[PDB]
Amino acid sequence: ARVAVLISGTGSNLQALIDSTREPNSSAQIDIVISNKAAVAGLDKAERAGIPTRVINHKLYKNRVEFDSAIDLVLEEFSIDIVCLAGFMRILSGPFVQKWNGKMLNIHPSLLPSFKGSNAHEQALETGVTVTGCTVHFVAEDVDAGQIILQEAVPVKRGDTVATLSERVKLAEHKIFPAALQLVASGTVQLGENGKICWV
């Protein structure tokens, strides 16, 4: 399977994905990295890895739909089968999400359905959980609500800050995100006709 990775920043999970796809028994290859912001560290990572990059500034379009159409133009250009969101920070429109249904994954730094939204660590710490984690899920229209592929629990330590908890959760993300990509890329895991996660 041919894979695109969309980023908005440092692309924390990008290298783990790259390394995974370059192992001998890989079902996936990363063919392009697309960022909605220029000069982010994730682009430098992609450039160092020898992977083509594009920058598509969301601020240059009047709505989500036109911006997403510009993304999908590039995805078609590169014959992409699978989209991975690695710290991509723009909510995608219905039509884009619909077209890429069963073919687009996201990493979220909580055990969904807890702590939906972009500040999961802050929420976890305010709530006072002693266990949090990360989730790889298919992207659905509803934000952070798509079908769960894999999860990993991560302890919260007394005295944790967003920075320390974030680092601990990132280590787990580096494990489950490439594992989930491989599961989808190969025959192994599919979004079913009933809308549920199916292990073929």
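Heads up, when I say rigid core I mean the largest set of C-alphas that superpose within 1.5 Å between the two forms. Sequential numbering from 1, following the sequence displayed.
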Checklist outcome for this item: The stretch that moves more in 8 other deposited structures of this protein, judged by RMS C-alpha distance from this form after core superposition, 158-166 or 23-31, is 158-166
Next on the checklist: Root mean square C-alpha distance from this form after a core fit in 8 other deposited structures of this protein: higher for 94-102 or for 119-127?
Outcome noted: 119-127
Checklist outcome for this item: Taking the deposited Cα B-factors and averaging over 163-171 and over 63-71, the higher mean is found in 63-71
Checklist entry - So 19-27 or 172-180, which one's hotter by mean CA B-factor in the entry? => result 19-27
Item to check | From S93, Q123, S114, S118, residue of greatest CA B-factor | outcome: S93
Item to check | Modelled-residue ranking by C-alpha temperature factor, third containing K37 | outcome: highest
Checklist entry - In terms of the chain's CA B-factor thirds, is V55 lowest, middle or highest? => result highest
Item to check | Ranked C-alpha temperature factor of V83 among modelled chain residues, by third | outcome: middle
Item to check | Relative C-alpha B-factor of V97, binned into the chain's lowest, middle or highest third | outcome: highest
Next on the checklist: How does the C-alpha B factor of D142 compare with the rest of the chain: lowest, middle or highest third?
Outcome noted: highest
